[PDB]
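1. Experimental coordinates for this protein are included below, preceded by the sequence.
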Number of protein chains: 2
Amino acid sequence: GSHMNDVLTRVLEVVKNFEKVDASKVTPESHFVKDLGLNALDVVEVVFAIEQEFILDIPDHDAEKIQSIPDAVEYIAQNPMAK
Amino acid sequence: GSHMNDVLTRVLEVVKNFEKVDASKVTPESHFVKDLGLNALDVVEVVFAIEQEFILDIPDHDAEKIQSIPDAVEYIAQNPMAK
């Protein structure tokens, strides 16, 4: 395995289990709006749930940059404080 | 999930897939010698496979202490260099 796959595996289950997400549409490349059709409120709560999964606090400036599962996985894997 | 479980999951598969290990006996608490019947030569090769799974070079001072799956997971999870 790998650390990047470890991160992706947990982001996938956070996003699939979110109530406003149709899990059958989720891929490792899913964009939150352009692929999963989420609105602005859904994105904020999904990103927060991703934060809780990794026991991480992301400042709002970069939390707003997270708009897809690749963005979330790329960011979380690079964060050393991740858990 | 969790970071410690991510490490544990990959250590379990390294140990289970080792040729001198009976995979059916491996748990998160397996001791290499008293539970899996490995000798010191086997343990070194298991430690090396753990080094390659996580792209870590474990100094001999810390490799000698690794005698069980808890020993390996506690060490790897705490090491900031990891993959």
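-> Sure, I can see it. Numbering: from 1, shown residues only, chains lettered A, B, ... in the order given.
2. and the helix or strand hosting residue A:52, is it in reach of chain B?
-> Following DSSP states H and E, one finds residue A:52 within helix A:40-53. Yes: Helix A:40-53 reaches chain B (CB under 8 Å from any CB of the partner chain) through residue A:53. C-beta: built from backbone N, CA, C; applies to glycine.
3. So which elements touch that helix?
-> helix A:3-17, helix A:69-78 (3 or more CB pairs under 8 Å, 6 or more residues apart in numbering or on different chains; DSSP states H and E).
4. Looking at those helices, which is nearest to chain B?
-> Set against chain B and scored by CB to the nearest CB, these come closest in helix A:3-17, at 4.0 Å.
5. same for the closest one, what does it pack against?
-> helix A:40-53, helix A:69-78, helix B:3-16.
6. re earlier: the inter-axis angle of the helix holding residue A:52 versus helix A:69-78?
-> Angle of helix A:40-53 versus helix A:69-78, following axes from the mean of the first three to the mean of the last three CA atoms, to 10 degrees, is 30 degrees.
7. Measure how helix A:40-53 sits relative to helix A:3-17, angle-wise.
-> Using the same axes, to 10 degrees: helix A:40-53 against helix A:3-17 is 130 degrees.
8. Reformat the helices and strands packed on helix A:3-17 as TSV; add mean neighbour count and distance to residue B:64.
-> TSV is the format used below for the helices and strands packed on helix A:3-17 (neighbours: other CB atoms under 10 Å in any protein chain shown; distance: least, CB to CB, whole Å):
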stretch	mean neighbour count	distance to residue B:64
helix A:40-53	16	35
helix A:69-78	20	31
helix B:3-16	19	17
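9. could these go into a markdown table alongside distance to residue B:37?
-> Output for these, formatted as a markdown table (distance: least, CB to CB, whole Å):
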| stretch | distance to residue B:37 |
| --- | --- |
| helix A:40-53 | 38 |
| helix A:69-78 | 37 |
| helix B:3-16 | 12 |
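10. okay, now the residue nearest to residue A:17 when sequence neighbours are not counted: neighbour count?
-> Once flanking residues are discounted, residue A:17 sits nearest to residue A:23: 7.4 Å by CB to CB, 6 or more residues apart in numbering or on different chains. Residues near residue A:23, counting by other CB atoms under 10 Å in any protein chain shown, number 12.
11. Check the one 10 residues further on too.
-> Counted with other CB under 10 Å, the neighbours of residue A:33 add up to 13.
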